[PDB]
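Structure data (mmCIF, C-alpha atoms) from protein-v3.cif:
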data_protein
loop_
_atom_site.label_atom_id
_atom_site.label_comp_id
_atom_site.auth_asym_id
_atom_site.auth_seq_id
_atom_site.Cartn_x
_atom_site.Cartn_y
_atom_site.Cartn_z
CA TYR A 1 29.36 55.96 -16.69
CA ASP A 2 30.82 56.40 -20.16
CA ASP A 3 30.09 52.69 -20.39
CA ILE A 4 26.31 53.23 -20.53
CA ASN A 5 24.11 53.96 -23.54
CA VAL A 6 22.14 57.09 -24.46
CA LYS A 7 19.89 58.08 -27.37
CA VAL A 8 21.05 60.92 -29.64
CA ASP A 9 18.19 62.66 -31.44
CA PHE A 10 18.76 64.68 -34.60
CA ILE A 11 15.59 66.75 -34.58
CA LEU A 12 14.76 68.55 -37.80
CA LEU A 13 11.96 70.57 -36.24
CA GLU A 14 9.88 70.94 -33.12
CA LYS A 15 6.66 72.91 -33.35
CA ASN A 16 3.76 73.47 -30.96
CA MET A 17 0.23 73.17 -32.34
CA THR A 18 -3.24 72.15 -31.10
CA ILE A 19 -4.67 68.65 -31.50
CA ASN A 20 -6.99 70.44 -33.87
CA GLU A 21 -4.17 72.09 -35.83
CA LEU A 22 -2.18 68.85 -36.00
CA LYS A 23 -5.29 67.14 -37.31
CA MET A 24 -5.61 69.59 -40.23
CA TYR A 25 -2.06 68.72 -41.24
CA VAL A 26 -2.92 65.02 -41.17
CA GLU A 27 -5.89 65.73 -43.44
CA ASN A 28 -3.77 67.68 -45.90
CA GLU A 29 -1.13 64.93 -45.91
CA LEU A 30 1.46 67.70 -45.54
CA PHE A 31 2.95 69.77 -42.74
CA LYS A 32 3.75 73.22 -44.17
CA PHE A 33 6.66 75.25 -42.85
CA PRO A 34 8.30 78.49 -44.11
CA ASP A 35 11.90 77.48 -45.00
CA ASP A 36 15.08 77.36 -42.88
CA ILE A 37 14.53 74.21 -40.79
CA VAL A 38 17.38 72.55 -42.66
CA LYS A 39 19.77 75.16 -41.24
CA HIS A 40 18.47 74.85 -37.68
CA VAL A 41 18.50 71.18 -36.72
CA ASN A 42 18.79 70.49 -33.02
CA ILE A 43 20.68 67.64 -31.43
CA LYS A 44 19.23 66.66 -28.07
CA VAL A 45 20.21 63.74 -25.85
CA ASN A 46 16.84 62.76 -24.44
CA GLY A 47 15.86 66.36 -23.86
CA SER A 48 19.21 67.89 -22.99
CA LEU A 49 20.22 70.05 -25.95
CA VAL A 50 23.80 69.48 -27.09
CA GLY A 51 24.47 71.28 -30.32
CA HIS A 52 22.88 72.74 -33.44
CA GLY A 53 22.86 71.16 -36.87
CA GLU A 54 22.58 71.73 -40.60
CA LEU A 55 21.44 69.14 -43.13
CA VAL A 56 23.67 69.22 -46.16
CA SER A 57 23.85 67.54 -49.57
CA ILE A 58 26.95 65.35 -49.89
CA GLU A 59 28.23 62.22 -51.62
CA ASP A 60 24.96 61.86 -53.55
CA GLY A 61 23.22 61.55 -50.18
CA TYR A 62 22.81 63.70 -47.08
CA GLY A 63 24.76 64.49 -43.95
CA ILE A 64 24.81 66.89 -41.00
CA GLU A 65 27.29 69.65 -40.24
CA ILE A 66 27.83 70.58 -36.58
CA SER A 67 27.48 74.35 -36.47
CA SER A 68 27.39 74.50 -32.68
CA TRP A 69 28.36 72.21 -29.86
CA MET A 70 28.53 72.01 -26.05
CA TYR B 1 -10.45 68.86 -26.29
CA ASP B 2 -8.64 69.42 -29.57
CA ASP B 3 -7.72 73.01 -28.84
CA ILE B 4 -5.27 71.57 -26.31
CA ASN B 5 -1.63 72.32 -27.20
CA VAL B 6 0.95 69.58 -27.92
CA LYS B 7 4.62 69.14 -28.87
CA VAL B 8 5.26 67.58 -32.29
CA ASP B 9 8.81 66.53 -33.21
CA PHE B 10 10.18 65.90 -36.69
CA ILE B 11 12.99 63.45 -36.13
CA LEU B 12 15.60 62.51 -38.72
CA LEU B 13 17.68 60.02 -36.79
CA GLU B 14 18.07 58.48 -33.37
CA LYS B 15 21.54 57.12 -32.77
CA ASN B 16 22.18 54.99 -29.68
CA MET B 17 25.75 55.48 -28.42
CA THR B 18 27.88 55.48 -25.26
CA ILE B 19 28.74 58.78 -23.63
CA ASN B 20 32.20 57.53 -24.45
CA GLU B 21 31.21 57.30 -28.11
CA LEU B 22 29.41 60.62 -27.79
CA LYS B 23 32.78 62.12 -26.94
CA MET B 24 33.85 61.22 -30.48
CA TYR B 25 31.56 63.98 -31.79
CA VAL B 26 33.36 67.36 -32.26
CA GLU B 27 32.52 70.89 -33.54
CA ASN B 28 32.79 71.50 -37.31
CA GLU B 29 32.56 67.71 -37.77
CA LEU B 30 30.66 66.12 -40.66
CA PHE B 31 28.61 62.95 -40.46
CA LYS B 32 26.97 60.95 -43.19
CA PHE B 33 23.34 59.92 -43.01
CA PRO B 34 22.06 57.13 -45.23
CA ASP B 35 20.14 58.19 -48.36
CA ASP B 36 16.81 57.18 -46.81
CA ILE B 37 17.21 59.96 -44.30
CA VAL B 38 14.94 62.48 -45.99
CA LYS B 39 12.32 59.86 -46.81
CA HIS B 40 11.98 58.39 -43.30
CA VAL B 41 11.30 61.25 -40.90
CA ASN B 42 9.58 60.06 -37.73
CA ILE B 43 6.77 62.22 -36.48
CA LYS B 44 6.38 62.28 -32.71
CA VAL B 45 3.74 63.92 -30.57
CA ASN B 46 4.75 64.39 -26.92
CA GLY B 47 7.34 61.66 -27.41
CA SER B 48 4.86 59.26 -29.01
CA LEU B 49 5.44 57.85 -32.51
CA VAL B 50 2.39 58.85 -34.49
CA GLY B 51 3.72 58.40 -38.01
CA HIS B 52 6.45 58.88 -40.60
CA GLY B 53 7.00 61.48 -43.29
CA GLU B 54 9.17 62.64 -46.16
CA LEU B 55 10.98 65.97 -46.23
CA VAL B 56 10.37 67.86 -49.44
CA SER B 57 11.39 71.26 -50.77
CA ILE B 58 8.46 73.42 -51.67
CA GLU B 59 8.01 76.98 -52.83
CA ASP B 60 9.96 79.17 -50.43
CA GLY B 61 9.58 76.45 -47.83
CA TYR B 62 10.15 72.90 -46.69
CA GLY B 63 7.36 70.50 -45.85
CA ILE B 64 6.90 67.01 -44.45
CA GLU B 65 4.63 64.92 -46.64
CA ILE B 66 2.98 62.19 -44.59
CA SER B 67 3.53 58.59 -45.62
CA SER B 68 2.10 56.89 -42.54
CA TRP B 69 0.00 58.02 -39.56
CA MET B 70 -0.63 55.73 -36.64
CA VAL B 71 -3.53 57.16 -34.58
CA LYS B 72 -7.12 58.41 -34.79
#

In structure tokens, write the structure found in this file.
Amino acid sequence: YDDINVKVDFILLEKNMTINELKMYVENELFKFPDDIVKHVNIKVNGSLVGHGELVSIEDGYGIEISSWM
Amino acid sequence: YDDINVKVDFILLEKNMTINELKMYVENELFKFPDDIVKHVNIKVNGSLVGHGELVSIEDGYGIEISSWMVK
């Protein structure tokens, strides 16, 4: 079983919004969100939520720090 | 039929790995994305790839500028 493969998703943000709302964002070429989402990244394995995450600035690039795990 | 509600995901990375490999992930660990990680966010609606965006800092907030959108 630990021989098989799964997909690990580092999800910056999930947000619910109408097809209408979504479409406004596509018109404005920008989704606009009030801060924070860099601190609260979620790490799901095909729906099952494993841990939390934080996007950090390191080595002249980016990385993730595992704030929570399960 | 546009006032219907849907689930949009802003996805930084999908890593395929064994549950064995997945064991090699621990708490307070630190991983290293590539440098194209903020410039290649995948935008998903109900699990469907509808485009790609770039994460930017803005005033008091963060936003995802859209670089490609794959549906109309």

Q | Selection under test: the PyMOL selection byres ((chain B and resi 44) around 10); residues as an MDAnalysis selection string | A | (chainID A and resid 14) or (chainID B and resid 7:11 41:43 45:52)

Each residue of chain A lying at most 7 Å from chain B should get a row with its shortest atom-to-atom pair and the distance in Å to one decimal, counting all atoms listed in the file; could you produce that, ordered by chain and increasing number, as a tab-separated table?
residue	atom	partner	partner_atom	distance
A:2	CA	B:20	CA	4.6
A:3	CA	B:18	CA	6.0
A:4	CA	B:18	CA	5.5
A:5	CA	B:18	CA	4.4
A:6	CA	B:17	CA	5.6
A:7	CA	B:16	CA	4.5
A:8	CA	B:15	CA	4.9
A:9	CA	B:14	CA	4.6
A:10	CA	B:13	CA	5.3
A:11	CA	B:11	CA	4.5
A:12	CA	B:10	CA	5.4
A:13	CA	B:10	CA	5.0
A:14	CA	B:9	CA	4.5
A:15	CA	B:8	CA	5.6
A:16	CA	B:7	CA	4.9
A:17	CA	B:5	CA	5.5
A:18	CA	B:5	CA	4.2
A:19	CA	B:2	CA	4.5
A:20	CA	B:2	CA	4.7
A:29	CA	B:66	CA	5.1
A:30	CA	B:65	CA	4.4
A:31	CA	B:64	CA	5.1
A:32	CA	B:63	CA	4.8
A:33	CA	B:63	CA	5.7
A:34	CA	B:61	CA	4.4
A:35	CA	B:61	CA	3.8
A:61	CA	B:35	CA	4.9
A:62	CA	B:33	CA	5.6
A:63	CA	B:32	CA	4.2
A:64	CA	B:31	CA	5.5
A:65	CA	B:30	CA	4.9
A:66	CA	B:28	CA	5.1
A:67	CA	B:28	CA	6.1
A:68	CA	B:27	CA	6.3
A:69	CA	B:27	CA	5.7

Q. Atom CA of residue 55 of chain A to atom CA of residue 39 of chain A: how many Å, to one decimal?
A. 6.5 Å

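Coordinates place atom CA of residue 48 of chain A at a distance of 26.1 Å from atom CA of residue 39 of chain B.
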
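Note that atom CA of residue 22 of chain A and atom CA of residue 71 of chain B are 11.9 Å apart.
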
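Using all atoms listed in the file, the nearest neighbour of residue 70 of chain A within the list A:52, A:41, A:21, A:46 is A:52.
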
Could you give me segment 25-52 of chain A completed to N, CA and C atoms, formatted as a PDB file, in the coordinates of the input?
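Output contents, as saved in out.pdb:
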ATOM      1  N   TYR A  25      -3.263  69.139 -40.532  1.00  0.00           N
ATOM      2  CA  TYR A  25      -2.060  68.720 -41.240  1.00  0.00           C
ATOM      3  C   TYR A  25      -2.192  67.274 -41.688  1.00  0.00           C
ATOM      4  N   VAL A  26      -2.744  66.428 -40.826  1.00  0.00           N
ATOM      5  CA  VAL A  26      -2.920  65.020 -41.170  1.00  0.00           C
ATOM      6  C   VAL A  26      -3.921  64.848 -42.313  1.00  0.00           C
ATOM      7  N   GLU A  27      -4.897  65.749 -42.382  1.00  0.00           N
ATOM      8  CA  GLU A  27      -5.890  65.730 -43.440  1.00  0.00           C
ATOM      9  C   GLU A  27      -5.269  66.164 -44.759  1.00  0.00           C
ATOM     10  N   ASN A  28      -4.382  67.151 -44.697  1.00  0.00           N
ATOM     11  CA  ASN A  28      -3.770  67.680 -45.900  1.00  0.00           C
ATOM     12  C   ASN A  28      -2.525  66.919 -46.306  1.00  0.00           C
ATOM     13  N   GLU A  29      -2.290  65.786 -45.649  1.00  0.00           N
ATOM     14  CA  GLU A  29      -1.130  64.930 -45.910  1.00  0.00           C
ATOM     15  C   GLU A  29       0.192  65.676 -46.045  1.00  0.00           C
ATOM     16  N   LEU A  30       0.261  66.866 -45.458  1.00  0.00           N
ATOM     17  CA  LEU A  30       1.460  67.700 -45.540  1.00  0.00           C
ATOM     18  C   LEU A  30       1.518  68.700 -44.388  1.00  0.00           C
ATOM     19  N   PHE A  31       2.643  68.705 -43.673  1.00  0.00           N
ATOM     20  CA  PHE A  31       2.950  69.770 -42.740  1.00  0.00           C
ATOM     21  C   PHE A  31       3.657  70.875 -43.513  1.00  0.00           C
ATOM     22  N   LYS A  32       3.182  72.113 -43.387  1.00  0.00           N
ATOM     23  CA  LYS A  32       3.750  73.220 -44.170  1.00  0.00           C
ATOM     24  C   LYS A  32       4.493  74.262 -43.348  1.00  0.00           C
ATOM     25  N   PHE A  33       5.792  74.371 -43.611  1.00  0.00           N
ATOM     26  CA  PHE A  33       6.660  75.250 -42.850  1.00  0.00           C
ATOM     27  C   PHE A  33       7.486  76.157 -43.746  1.00  0.00           C
ATOM     28  N   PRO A  34       7.545  77.451 -43.394  1.00  0.00           N
ATOM     29  CA  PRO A  34       8.300  78.490 -44.110  1.00  0.00           C
ATOM     30  C   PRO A  34       9.824  78.374 -44.009  1.00  0.00           C
ATOM     31  N   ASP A  35      10.444  77.480 -44.779  1.00  0.00           N
ATOM     32  CA  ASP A  35      11.900  77.480 -45.000  1.00  0.00           C
ATOM     33  C   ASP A  35      12.776  77.183 -43.774  1.00  0.00           C
ATOM     34  N   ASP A  36      14.097  77.232 -43.969  1.00  0.00           N
ATOM     35  CA  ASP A  36      15.080  77.360 -42.880  1.00  0.00           C
ATOM     36  C   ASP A  36      15.385  76.126 -42.037  1.00  0.00           C
ATOM     37  N   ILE A  37      14.389  75.284 -41.784  1.00  0.00           N
ATOM     38  CA  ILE A  37      14.530  74.210 -40.790  1.00  0.00           C
ATOM     39  C   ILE A  37      15.692  73.262 -41.065  1.00  0.00           C
ATOM     40  N   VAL A  38      16.230  73.344 -42.275  1.00  0.00           N
ATOM     41  CA  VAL A  38      17.380  72.550 -42.660  1.00  0.00           C
ATOM     42  C   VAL A  38      18.651  73.160 -42.052  1.00  0.00           C
ATOM     43  N   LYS A  39      18.651  74.476 -41.877  1.00  0.00           N
ATOM     44  CA  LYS A  39      19.770  75.160 -41.240  1.00  0.00           C
ATOM     45  C   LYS A  39      19.770  74.997 -39.721  1.00  0.00           C
ATOM     46  N   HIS A  40      18.593  74.813 -39.134  1.00  0.00           N
ATOM     47  CA  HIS A  40      18.470  74.850 -37.680  1.00  0.00           C
ATOM     48  C   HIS A  40      18.001  73.524 -37.090  1.00  0.00           C
ATOM     49  N   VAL A  41      18.793  72.481 -37.301  1.00  0.00           N
ATOM     50  CA  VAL A  41      18.500  71.180 -36.720  1.00  0.00           C
ATOM     51  C   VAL A  41      19.049  71.151 -35.304  1.00  0.00           C
ATOM     52  N   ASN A  42      18.293  70.581 -34.376  1.00  0.00           N
ATOM     53  CA  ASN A  42      18.790  70.490 -33.020  1.00  0.00           C
ATOM     54  C   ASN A  42      19.135  69.073 -32.625  1.00  0.00           C
ATOM     55  N   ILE A  43      20.165  68.941 -31.802  1.00  0.00           N
ATOM     56  CA  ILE A  43      20.680  67.640 -31.430  1.00  0.00           C
ATOM     57  C   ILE A  43      20.565  67.485 -29.924  1.00  0.00           C
ATOM     58  N   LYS A  44      19.500  66.822 -29.487  1.00  0.00           N
ATOM     59  CA  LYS A  44      19.230  66.660 -28.070  1.00  0.00           C
ATOM     60  C   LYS A  44      19.566  65.243 -27.648  1.00  0.00           C
ATOM     61  N   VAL A  45      20.039  65.078 -26.417  1.00  0.00           N
ATOM     62  CA  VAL A  45      20.210  63.740 -25.850  1.00  0.00           C
ATOM     63  C   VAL A  45      19.118  63.527 -24.817  1.00  0.00           C
ATOM     64  N   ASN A  46      17.982  63.019 -25.288  1.00  0.00           N
ATOM     65  CA  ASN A  46      16.840  62.760 -24.440  1.00  0.00           C
ATOM     66  C   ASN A  46      16.396  64.011 -23.691  1.00  0.00           C
ATOM     67  N   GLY A  47      16.381  65.131 -24.406  1.00  0.00           N
ATOM     68  CA  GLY A  47      15.860  66.360 -23.860  1.00  0.00           C
ATOM     69  C   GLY A  47      16.941  67.401 -23.680  1.00  0.00           C
ATOM     70  N   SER A  48      18.080  66.987 -23.137  1.00  0.00           N
ATOM     71  CA  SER A  48      19.210  67.890 -22.990  1.00  0.00           C
ATOM     72  C   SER A  48      19.757  68.267 -24.359  1.00  0.00           C
ATOM     73  N   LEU A  49      19.749  69.560 -24.659  1.00  0.00           N
ATOM     74  CA  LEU A  49      20.220  70.050 -25.950  1.00  0.00           C
ATOM     75  C   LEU A  49      21.743  70.170 -26.023  1.00  0.00           C
ATOM     76  N   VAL A  50      22.350  69.452 -26.957  1.00  0.00           N
ATOM     77  CA  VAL A  50      23.800  69.480 -27.090  1.00  0.00           C
ATOM     78  C   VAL A  50      24.257  70.566 -28.043  1.00  0.00           C
ATOM     79  N   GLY A  51      24.021  70.340 -29.325  1.00  0.00           N
ATOM     80  CA  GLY A  51      24.470  71.280 -30.320  1.00  0.00           C
ATOM     81  C   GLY A  51      23.372  71.674 -31.274  1.00  0.00           C
ATOM     82  N   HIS A  52      23.761  72.405 -32.320  1.00  0.00           N
ATOM     83  CA  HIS A  52      22.880  72.740 -33.440  1.00  0.00           C
ATOM     84  C   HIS A  52      23.314  71.888 -34.605  1.00  0.00           C
TER      85      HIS A  52
END
